[PDB]
């Protein structure tokens, strides 16, 4: 079914260029926004760029403004990312991510390719959380009061793997959208500025880094923000 496969990663010297690709299969390529997201060693997710489903808009992160260029060859069903003037700051695993048909959530992710360059706050998560086997755990994601009505996305990143979409939760604790293959043990809640992801009957496979995210489309400018990620350890 839905598949995203990245290509073009490798080692590059600071100052040179590199082009990444993402061959998409299993869905209507023209009906989905496509994004690039990077993750540096030991850190959380970092949104890079997005391109509109029909191709009318392109948005970029400030750290890559003027150096990276996102593109799509709608015919070949391929997403490109041209990277010029590379820096050691750009060392990361790059994922191509697909947005849902009817939401800003990144509901499908590629496995990532490694790039090594060598020669106001919206969202907040606690750095870690723990729980014993079979118990219940609630993960917290806290918004600023200026964005009290925002919906947030939750993502699960198993150790050694790339992230996957879990659920989007809005005000009132309403499930706005849900990812594929999510077990019933996972639920969401809300309270004021807080958004929660809850897990009951915790398993060893729930040991993961859970990431909070949200889109921000003010005016004619788009930005996707990520929290720091909550690393969950399962005891027992």
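Residue numbers count along the first chain shown, from 1.
- Unmodelled deposited residues between residue 119 and residue 120: 10 or more, per the record.
- Stretches 177-185 and 44-52 differ in mean CA B factor, with 177-185 having the higher one.
- Higher average CA B factor: 1-9, of the stretches 227-235 and 1-9.
- Per the deposited record, 73 carries the highest C-alpha B-factor of all listed residues (107, 153, 73, 102).
- Highest CA B-factor among the listed residues (139, 97, 88, 143): 88.
- When the CA B factors of the chain's modelled residues are split into thirds, the value for residue 208 lands in the lowest one.
- Residue 194 sits in the lowest third of its chain by CA B factor, as recorded in the PDB entry.
- Split the chain's modelled residues into thirds by C-alpha temperature factor. Residue 166 is in the lowest one.
- Among the modelled residues of its chain, residue 134 has a C-alpha B-factor that falls in the highest third, as given in the PDB entry.
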